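Participant: Sharing a structure, written as structure tokens. Questions coming.
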Amino acid sequence: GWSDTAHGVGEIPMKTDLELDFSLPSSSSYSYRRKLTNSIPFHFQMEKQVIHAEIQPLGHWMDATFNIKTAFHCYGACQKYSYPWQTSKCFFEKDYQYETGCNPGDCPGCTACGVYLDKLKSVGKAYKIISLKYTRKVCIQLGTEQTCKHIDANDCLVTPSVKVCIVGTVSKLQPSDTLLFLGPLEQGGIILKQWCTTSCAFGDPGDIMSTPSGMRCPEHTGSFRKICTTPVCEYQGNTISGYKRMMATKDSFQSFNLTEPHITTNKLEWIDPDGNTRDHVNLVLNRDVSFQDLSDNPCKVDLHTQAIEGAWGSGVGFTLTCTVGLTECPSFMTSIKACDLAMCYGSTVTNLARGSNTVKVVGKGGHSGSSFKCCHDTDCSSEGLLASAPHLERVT
Amino acid sequence: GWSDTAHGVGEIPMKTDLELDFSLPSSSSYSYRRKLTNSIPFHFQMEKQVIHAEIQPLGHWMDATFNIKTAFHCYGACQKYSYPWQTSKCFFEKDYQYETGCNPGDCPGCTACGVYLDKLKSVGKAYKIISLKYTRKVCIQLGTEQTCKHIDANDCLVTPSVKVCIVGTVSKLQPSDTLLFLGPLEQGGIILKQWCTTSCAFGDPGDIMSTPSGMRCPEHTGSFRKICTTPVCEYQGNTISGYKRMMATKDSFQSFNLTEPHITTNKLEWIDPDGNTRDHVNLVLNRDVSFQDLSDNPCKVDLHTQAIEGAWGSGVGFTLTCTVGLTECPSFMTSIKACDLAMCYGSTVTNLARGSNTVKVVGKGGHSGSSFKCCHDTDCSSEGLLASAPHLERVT
Amino acid sequence: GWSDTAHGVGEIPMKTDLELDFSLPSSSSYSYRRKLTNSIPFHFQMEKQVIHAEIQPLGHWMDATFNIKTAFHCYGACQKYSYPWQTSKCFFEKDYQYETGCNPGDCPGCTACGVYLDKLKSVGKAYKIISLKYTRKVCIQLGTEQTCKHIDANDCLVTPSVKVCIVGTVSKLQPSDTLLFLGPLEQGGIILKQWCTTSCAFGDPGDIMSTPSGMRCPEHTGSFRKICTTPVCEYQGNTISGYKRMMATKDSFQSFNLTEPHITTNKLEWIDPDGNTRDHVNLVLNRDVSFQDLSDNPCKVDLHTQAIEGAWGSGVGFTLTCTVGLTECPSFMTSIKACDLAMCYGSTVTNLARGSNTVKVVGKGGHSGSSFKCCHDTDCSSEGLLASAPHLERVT
Ligand SMILES: *[C@@H]1O[C@H](CO)[C@@H](O[C@@H]2O[C@H](CO)[C@@H](O[C@@H]3O[C@H](CO[C@H]4O[C@H](CO)[C@@H](O)[C@H](O)[C@@H]4O)[C@@H](O)[C@H](O)[C@@H]3O)[C@H](O)[C@H]2NC(C)=O)[C@H](O)[C@H]1NC(C)=O
Ligand SMILES: *[C@@H]1O[C@H](CO)[C@@H](O[C@@H]2O[C@H](CO)[C@@H](O[C@@H]3O[C@H](CO[C@H]4O[C@H](CO)[C@@H](O)[C@H](O)[C@@H]4O)[C@@H](O)[C@H](O)[C@@H]3O)[C@H](O)[C@H]2NC(C)=O)[C@H](O)[C@H]1NC(C)=O
Ligand SMILES: *[C@@H]1O[C@H](CO)[C@@H](O[C@@H]2O[C@H](CO)[C@@H](O[C@@H]3O[C@H](CO[C@H]4O[C@H](CO)[C@@H](O)[C@H](O)[C@@H]4O)[C@@H](O)[C@H](O)[C@@H]3O)[C@H](O)[C@H]2NC(C)=O)[C@H](O)[C@H]1NC(C)=O
């Protein structure tokens, strides 16, 4: 039956006017100009590849000094007086109250132990990658008709007589990677496969995180001990911060650079300047009547967003229930996408029958204000649906 | 010399009857029907891509409550009486016996500390990915001759006059990834790059694991302390379970969905419903006498499984020593595979000489009952060999 | 304008003499011989793929036994006497001096605790992967003119009349992976995604590391306690070494084998014997005057290395400032590379104008003696620059 999922052409090579087959750096453009005989001008322009990363913003990674202080007062109870470290942003406290052999002179009590972090200094911003999308802008002008589109990696553009396909194993960054920028985005980031998430301890990568909703403080896994002169508190645990431990071995981690980067709340956009990342590009110009666009179809698709579940800004994603009506075709195998005002975040291939169908699409990314709509090609539903906030909370 | 490792054709494009070049979603089929002139019917059917993951079954991940109880009895010795927590599936015990200042009234002893987990609830099944294989079923009918085969990704099918090649960077899942299904497989899983393996502590991802051979209990890394009234036990360590720590930040991890999934002891089979994963498909129909199958060869290959070492169900794999006899050809460069009744798990390219050769193939996956045989194309040895059980034991 | 970044050709398929399109194992060669009519001999030889991994050498991973000893002497002070474990390569010490109820008989003192590791045995060498590069040697002989080059994956070779392109999702190993060889390289390695780097504790993968600059000892995160007869030291912490914990579950990790491997200080070179890794190969022989090499250009490029910053042997890399003069062309979009005597480590695509330009290239890898030069094609600067030593130190 009919289907538009195949993005490509059927051709007779004998009838092909021109074929291009080359490898191009991701960071390179390409321009080709030849006059086609009848003279007909012909222009093929491919732009630099653009990386689109849906990111979770993690805030500022913090450096700090580890401190422990004892406070022994002979007065009654431990809670009745408070202690100097309790003004710190992050402190962990243990109180040895009404226990014993340990009384210093003049005291016939409370022994307050306190570990806290001060000299807090931001060392860079961190982002966790939800999804990655690689696109290139391609413009084709055959005579007086121009066609421009943004082509995804491993996808093809089909015009009445030109087919342009890209194929590239471009994938240095991975989803759920953690990007750390010690400076402005322009100066590049560091990829960290290890970054604390479910069990952030002091000294872990990402231990102290200054977020917009306040500070996020690491647990101290060491053990306390009361020494018995006035008692002194002792802590057996990690003293050195996660930042200092990473910088000491910093050259162990993978960097990645960014040219002209643009950033929003949930998305990072740049061009990778590494000229070694190459994809394969194939262009075929074939003006014969037998040059068939494989995606041609007389089918019509009506879209309505039925329901939504799941979260925005999540590597788990959201699930979008679509009501897809099909007319003018007995069946039609196609792709239905989840898109908002900005762009799309996921697609599902279904086999549609005459009449109404129900189609569920899993999207990944988006923000609080994204109104995700069911989309086909450039046709989306009239209405969109907001998703739930993502669960990204330390348990502490 | 001769060689069948190249899966493809040499053609004259002028003599090509038809060429198809398109990108297709992994989750999409494709059908093409054109009448070839002489009329000759021609049908090209490509099916959805099927993901084959050799998995290590890890059992049920468990949620639990952390408990600590003290038991002080004045009677002699600590071992002589046992304690209530010792019926729990997972408990860790420390006994302060015959030590000191700490005696409560009426006692002129044993102080039993016990941390244990109860309210154990299964929260999902977990699997570690050994290997990944992406296949598509392709059927070609030129006139009255039909050819169907399952093509691996980045491989080609060659018929007397048709060449079909697939090229796809399809690889979202990675080997040694950990898949967690909070529900039935149908409802999808979560990818976890961090999952405890060599040092499972309480609070780690995968801390409490209910396996078929019984329970697998996490270590508690905290420290004990006897407080001195009857003595009270104190524990400085993580109280919150790994499950609760992950759910609190669940939206941080990558999901993956599965359509019509099928599961065995060591293998998970499904179709990825994400329509954004696209591979490149190229078909060439060329009926000219100069259309040469590059893998054509008059060579004959005899197979015998010599020995085996290594383990089934292991990402390290097993090594299969093959005795490969070659006749009717001076040399022959080919691929020798390790396959069982179900399918194949690895292949090795060698350069064979006239007579007997020894060829070692590394396979990954399989199960206890798999009888791995040396195979060439569809020809395998008569006899197979069982492999060793995999070493997948916590040290505890 | 002009550009040589596109490695490929523009052709008329009708005028094509011969086209090859096949998939080949990475571990396979290929040879094709046909006589071209006028007879003209034609030879196309493709060699096995070669993996080039820039590695950071980590030294010998060590197995050990965990020991704890108490030393109580009644004499004055703890420092005045030293203790037997202090000859061990790795020991961690805690001294309970001048504290209290605990005095054994004949003593009216010092209680020395000592945890140490002995029976140290090397269990294998470990390497962290900086970067990966996949190359194949390809030779083309059309009549009396031969052209040989080493082609990178996803790149094309262009001769006056032949175009050879490779496209392959070949990427089992990943950058910043950790390779462990329990034996000689020939016998294969194990990939470890978890390998301690910023917080190496006893029991972590890679806990005890014998490096050329001496030993690297793990921290012991447990807690000490003085028991009160002469006092006994107690340690609550992990007793079992990282090696023993991995071997107990060894079959959980991914292996990779190596044929004829060659190793230097900063680079590992081999051929992957897995015959399932396949890339796509396309050859086009087209001797028509319209067969245009897309990289043809009359431009000339002068090179001078301006400055360098960053480190050799680092997954973060070094930044190379190049002075690139352009003559004979108004503009020229090209690739400028960072290479030393051995090979290249990175490239940057720029748009050059008439006259002098400044171009910054990020390289990854190299060694202490590498003199990195700015390069274009096979033309490099006369002078090179040394980079800084990488920061790869445990904080301890
Ligand atoms: C591609 O990305 C790379 C990583 O994102 C970029 O590397 C960065 O390049 C900058 C610019 O040179 C370096 O900054 C330099 O730092 C050194 C040393 O300073 C360090 O030490 C002091 C003292 O402890 C400390 O206070 C600093 O904060 C630093 O930690 C200075 O001497 C220089 O003058 C300059 O400030 C970065 O260090 C470096 N990043 C890393 C991780 O090494 C690279 O430049 C990018 N290249 C391009 C072309 O975009
Ligand atoms: C693709 O895969 C995704 C992940 O595998 C799928 O996401 C899952 O979708 C189901 C169906 O809606 C969700 O189940 C819902 O859960 C919410 C909330 O329940 C949670 O909280 C309660 C209370 O704490 C707890 O008891 C539960 O166990 C849950 O933890 C309910 O309100 C709903 O009625 C429904 O039960 C899953 O939560 C969700 N998974 C995740 C990880 O979020 C997705 O549906 C798949 N899509 C397709 C098309 O296959
Ligand atoms: C591809 O790579 C694989 C991994 O690098 C290779 O697997 C290795 O193959 C060798 C050769 O057979 C095995 O060595 C064998 O070990 C067993 C058991 O010995 C173990 O136990 C003892 C006692 O505890 C201990 O002392 C040893 O050190 C071992 O830990 C012996 O019975 C055999 O005689 C032989 O020595 C390796 O064990 C195995 N590696 C792993 C991780 O299992 C594989 O051979 C490679 N194949 C090719 C074709 O290159």
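By convention in this document, the chains of the structure tokens carry letters A, B, ... by their order, each chain's residues are numbered from 1, and ligands are numbered from 1 in the order they are shown.
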Set the cut-off to 6 Å, count only C-alpha atoms and all ligand atoms, and list whatever residues fall near ligand 3 as a PyMOL selection string.

Facilitator: (chain B and resi 319+360) or (chain C and resi 187-189+255-257)

Participant: Keeping only C-alpha atoms, write those residues as an mmCIF file, in the first residue's frame.

Facilitator:
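Produced file selection38.cif, reproduced below:
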```
data_model
loop_
_atom_site.group_PDB
_atom_site.id
_atom_site.type_symbol
_atom_site.label_atom_id
_atom_site.label_comp_id
_atom_site.auth_asym_id
_atom_site.auth_seq_id
_atom_site.Cartn_x
_atom_site.Cartn_y
_atom_site.Cartn_z
ATOM 1 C CA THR B 319 36.468 -19.285 22.473
ATOM 2 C CA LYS B 360 39.273 -19.664 16.679
ATOM 3 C CA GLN C 187 45.223 -12.623 24.802
ATOM 4 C CA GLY C 188 42.733 -9.737 24.830
ATOM 5 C CA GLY C 189 41.431 -7.196 27.299
ATOM 6 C CA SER C 255 35.921 -8.371 26.400
ATOM 7 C CA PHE C 256 37.646 -7.357 23.173
ATOM 8 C CA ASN C 257 40.346 -9.288 21.359
#
```

Participant: Please find the residues of chain A near chain C - the criterion being any atom within 7 Å, counting only C-alpha atoms - and write them as a VMD selection string.

Facilitator: chain A and resid 13 to 14 16 to 25 27 to 28 169 223 228 236 to 237 245 to 246 248 to 255 273 to 276 278 to 280

Participant: Only C-alpha atoms, please: the residues just picked out, written as a compact mmCIF listing (two decimals), in the first residue's frame.

Facilitator:
```txt
# COMPACT_ATOMS: atom_id res chain seq x y z
CA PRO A 13 20.89 5.52 -13.48
CA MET A 14 21.24 5.69 -17.27
CA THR A 16 20.78 10.37 -14.32
CA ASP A 17 22.11 13.81 -15.23
CA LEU A 18 24.60 14.04 -12.34
CA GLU A 19 25.61 12.18 -9.18
CA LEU A 20 27.66 13.46 -6.22
CA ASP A 21 29.22 11.06 -3.70
CA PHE A 22 31.63 12.46 -1.12
CA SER A 23 32.47 12.58 2.57
CA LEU A 24 32.26 15.94 4.32
CA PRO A 25 33.33 17.14 7.78
CA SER A 27 31.98 21.36 10.62
CA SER A 28 32.18 22.14 6.88
CA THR A 169 28.03 7.73 12.48
CA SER A 223 31.78 8.39 61.20
CA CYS A 228 38.00 12.30 75.88
CA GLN A 236 36.91 9.72 59.92
CA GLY A 237 35.87 10.51 56.36
CA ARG A 245 39.78 15.39 43.23
CA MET A 246 38.81 15.87 39.57
CA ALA A 248 44.06 16.59 40.23
CA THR A 249 43.34 14.06 37.43
CA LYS A 250 41.52 16.41 35.05
CA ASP A 251 43.38 15.29 31.91
CA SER A 252 41.64 11.91 32.28
CA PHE A 253 38.28 13.17 30.97
CA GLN A 254 36.99 13.86 27.47
CA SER A 255 36.57 17.44 26.34
CA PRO A 273 34.51 22.29 15.41
CA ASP A 274 36.22 18.87 15.20
CA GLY A 275 36.93 18.37 11.50
CA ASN A 276 37.45 14.61 11.88
CA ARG A 278 32.64 13.05 8.69
CA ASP A 279 29.34 11.93 7.20
CA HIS A 280 28.60 10.60 3.73
```

Participant: Just the residues within 9 Å of residue 328 of chain B, please, counting only C-alpha atoms, with nothing from its chain fewer than 5 positions along; format it as a count of residues only.

Facilitator: 4

Participant: Apply DSSP to the backbone of this structure and, from segment 138-383 of chain C, keep only the residues in alpha helix (DSSP H); write these as a list in words.

Facilitator: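 Matching residues for alpha helix (DSSP H) in segment 138-383 of chain C are residues 242, 243, 244, 245, 246 and 247 of chain C.
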
Participant: Write the residues of the selection above to a file with N, CA, C and O atoms, as a PDB file, in the first residue's frame.

Facilitator:
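Result file selection.pdb:
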```
ATOM      1  N   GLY C 242      39.584  -4.988  45.241  1.00  0.00           N
ATOM      2  CA  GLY C 242      38.835  -4.744  44.019  1.00  0.00           C
ATOM      3  C   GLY C 242      38.985  -5.856  43.001  1.00  0.00           C
ATOM      4  O   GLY C 242      38.018  -6.235  42.336  1.00  0.00           O
ATOM      5  N   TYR C 243      40.201  -6.395  42.862  1.00  0.00           N
ATOM      6  CA  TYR C 243      40.419  -7.501  41.929  1.00  0.00           C
ATOM      7  C   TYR C 243      39.535  -8.691  42.278  1.00  0.00           C
ATOM      8  O   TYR C 243      38.812  -9.215  41.422  1.00  0.00           O
ATOM      9  N   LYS C 244      39.571  -9.123  43.540  1.00  0.00           N
ATOM     10  CA  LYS C 244      38.772 -10.273  43.956  1.00  0.00           C
ATOM     11  C   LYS C 244      37.281 -10.029  43.756  1.00  0.00           C
ATOM     12  O   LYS C 244      36.534 -10.967  43.451  1.00  0.00           O
ATOM     13  N   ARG C 245      36.830  -8.784  43.913  1.00  0.00           N
ATOM     14  CA  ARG C 245      35.418  -8.492  43.705  1.00  0.00           C
ATOM     15  C   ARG C 245      35.044  -8.539  42.229  1.00  0.00           C
ATOM     16  O   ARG C 245      33.901  -8.871  41.894  1.00  0.00           O
ATOM     17  N   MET C 246      35.986  -8.222  41.336  1.00  0.00           N
ATOM     18  CA  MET C 246      35.687  -8.248  39.907  1.00  0.00           C
ATOM     19  C   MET C 246      35.719  -9.671  39.362  1.00  0.00           C
ATOM     20  O   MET C 246      34.830 -10.074  38.603  1.00  0.00           O
ATOM     21  N   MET C 247      36.743 -10.442  39.739  1.00  0.00           N
ATOM     22  CA  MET C 247      36.854 -11.829  39.298  1.00  0.00           C
ATOM     23  C   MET C 247      35.652 -12.657  39.727  1.00  0.00           C
ATOM     24  O   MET C 247      35.247 -13.581  39.014  1.00  0.00           O
TER      25      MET C 247
END
```

Participant: Residues within 9 Å of residue 384 of chain B, please, as a PDB file with C-alpha atoms, in the first residue's frame. Count only C-alpha atoms; anything in the same chain fewer than 5 positions from it doesn't count.

Facilitator:
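Output saved as selection-v4.pdb:
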```pdb
ATOM      1  CA  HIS B 304      34.572 -29.688  12.815  1.00  0.00           C
ATOM      2  CA  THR B 305      34.412 -28.227  16.324  1.00  0.00           C
ATOM      3  CA  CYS B 339      26.160 -20.714  16.207  1.00  0.00           C
ATOM      4  CA  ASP B 340      23.753 -22.937  18.111  1.00  0.00           C
ATOM      5  CA  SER B 370      23.463 -24.091  23.805  1.00  0.00           C
ATOM      6  CA  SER B 371      25.676 -26.461  21.799  1.00  0.00           C
ATOM      7  CA  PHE B 372      27.919 -24.034  19.934  1.00  0.00           C
ATOM      8  CA  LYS B 373      29.007 -25.237  16.488  1.00  0.00           C
ATOM      9  CA  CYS B 374      31.461 -23.893  13.928  1.00  0.00           C
TER      10      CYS B 374
END
```

Participant: Could you give me, as a VMD selection string, each residue of segment 13-202 of chain B that DSSP assigns to strand (DSSP E) when run on this structure's backbone?

Facilitator: chain B and resid 18 to 25 30 to 36 40 to 73 90 to 97 110 to 142 145 to 152 156 to 158 162 to 167 178 to 181 189 to 192
